[PDB]
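Just one chain follows, in the form deposited in one PDB entry, and it is written as structure tokens.
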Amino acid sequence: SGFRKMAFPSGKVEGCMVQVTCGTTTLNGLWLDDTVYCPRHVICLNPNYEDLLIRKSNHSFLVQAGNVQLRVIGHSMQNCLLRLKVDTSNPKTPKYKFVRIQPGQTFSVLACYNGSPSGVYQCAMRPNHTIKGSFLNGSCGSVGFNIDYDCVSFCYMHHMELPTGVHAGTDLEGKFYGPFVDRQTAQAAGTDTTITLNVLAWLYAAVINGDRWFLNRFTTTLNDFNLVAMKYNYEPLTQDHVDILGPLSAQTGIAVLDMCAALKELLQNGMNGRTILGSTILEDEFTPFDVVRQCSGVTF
């Protein structure tokens, strides 16, 4: 049946995307009820946003939804975000919540340009607080989300590209992930590591799909595992991660440290020209929950 890196259906987020233009600057905004969220830098090297906000009046902002202009009747700022009040509550607003995700967690990104959705892909918040996305100029304001039941949890809004070509942004409260700031400076991505917890979740998915050649009859202590894995640039695995893997461990009857012994053997010796879920490399962008959802057939 295969295992696929997949994204959550994006319709519910597509219905909230609008084009926000302030002068020469056009980008995307997220329209929920009667508020439009967009990156603070639409009101434009080290600018005092707070100040440039004065020169601005509601009629300065042009918010477009489909072939219709949304009249702005209020403006404010919350951290690095802009909150525009419009005179029309979005009829497509889905049930939603704003969430701040932690390193290693994944989400779907709806790439947009001119308030119009262009594509959706799956990605992960990297250990160094960036995301390896795919954005072109004009994508600022695009958002990342997860879907739980029928509630849309927005966890990311796109702000900029770092010199190595990776991306940085904020939660929907306007607070950046990582020490990044929306301004020009010489900020760069810190060294990145492999998300061990996610590699382990993926090996469980393989076993669940019948790809179990790499299993062995040994085990290891947590520390011995970390001592080998860090040498390959893997994030240290903690007791809390081990706990997050409990449901998968129980479903397969394979203890986490027993899976860690298989992983350790995979790192030191390799795959011997073999494959796991058709892959020649250990995938690190599927979380324990992504595995449960895809292996089970969760719908929305």
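Residues that one form lacks are left out of the comparison. Basically, rigid core = biggest C-alpha set you can superpose within 1.5 Å across the two forms. Residues carry their position along the shown sequence, with the first being 1.
Novice: So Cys44 and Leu45 are neighbours in the shown sequence, but is anything from the deposited sequence left out between them? Give the count as none, 1 to 3, 4 to 9, or 10 or more.
Specialist: Per the record, 4 to 9 deposited residues are absent between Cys44 and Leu45.
Novice: Mean Cα B factor from the PDB record: higher for 267-275, or higher for 238-246?
Specialist: Averaging CA B-factors over each stretch, the winner is 267-275.
Novice: Going by the average Cα B-factor in the PDB entry, point out whether 19-27 or 279-287 comes out higher.
Specialist: Going by the record's values, the stretch with the higher mean is 19-27.
Novice: Sorting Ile208, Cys151, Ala168, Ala124 by Cα temperature factor from the record, which one lands on top?
Specialist: Among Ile208, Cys151, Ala168, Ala124, the PDB entry lists the largest C-alpha B-factor for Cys151.
Novice: If I read the C-alpha B-factors straight from the PDB entry, which of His129, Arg71, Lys132, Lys95 is highest?
Specialist: Comparing C-alpha B-factors across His129, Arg71, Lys132, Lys95, the maximum falls on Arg71.
Novice: Using the B-factors in the PDB entry, rank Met77's C-alpha atom against the chain and give the third, lowest, middle or highest.
Specialist: Its C-alpha B-factor belongs to the highest third of this chain's values.
Novice: Among the modelled residues of its chain, does the C-alpha B-factor of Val99 lie in the lowest, middle or highest third?
Specialist: As the PDB entry reports it, the C-alpha B-factor of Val99 lands in the middle third of its chain.
Novice: Once the chain's modelled residues are ordered by C-alpha B factor and cut into thirds, is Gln184 in the lowest, middle or highest one?
Specialist: Highest third.
Novice: Relative to the other modelled residues in the chain, which third contains the C-alpha temperature factor of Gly141: lowest, middle or highest?
Specialist: Lowest third.
Novice: By the recorded C-alpha temperature factor, relative to the other modelled residues in its chain, which third is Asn223 in?
Specialist: CA B-factor rank for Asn223: middle third.
The same protein also has a form solved in complex with a partner chain, omitted here; what follows describes it.
Novice: Is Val86 a contact residue for its partner chain in the deposited complex, using a 4.5 Å heavy atom cut-off?
Specialist: Looking in the deposited complex, residue contacts with its partner chain do not include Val86, since no heavy atom lies within 4.5 Å.
Novice: In the deposited complex, does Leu162 have a heavy atom within 4.5 Å of its partner chain?
Specialist: Within the cut-off, so yes.
Novice: Do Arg183 and its partner chain come within 4.5 Å of each other in the deposited complex, heavy atoms counted?
Specialist: Judged by the heavy-atom cut-off of 4.5 Å, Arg183 is in contact with its partner chain in the deposited complex.
Novice: Answer yes if any heavy atom of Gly174 is within 4.5 Å of a heavy atom of its partner chain in the deposited complex; otherwise answer no.
Specialist: Outside the cut-off, so no.
Novice: Name the single residue among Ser139, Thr170, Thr196, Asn146 that comes within 4.5 Å of its partner chain in the deposited complex, judging by heavy atoms.
Specialist: Residue within 4.5 Å of the partner: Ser139.
Novice: May I ask you to choose, among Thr221, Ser76, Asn79, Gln187, the residue with a heavy atom within 4.5 Å of its partner chain in the deposited complex?
Specialist: It is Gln187 that has a heavy atom within 4.5 Å of the partner.
Novice: Where, among 212-220, 196-204, 130-138, 93-101, do residues come within 4.5 Å of its partner chain in the deposited complex by heavy atom distance?
Specialist: Looking at the partner contacts, the answer comes out as 130-138.
Novice: Given a rigid core superposition, which stretches of at least 3 residues have all Cα atoms displaced by 2 Å or more between the shown form and the other one?
Specialist: After superposing the rigid core, the only shifted stretch between the shown form and the other one is 296-300.
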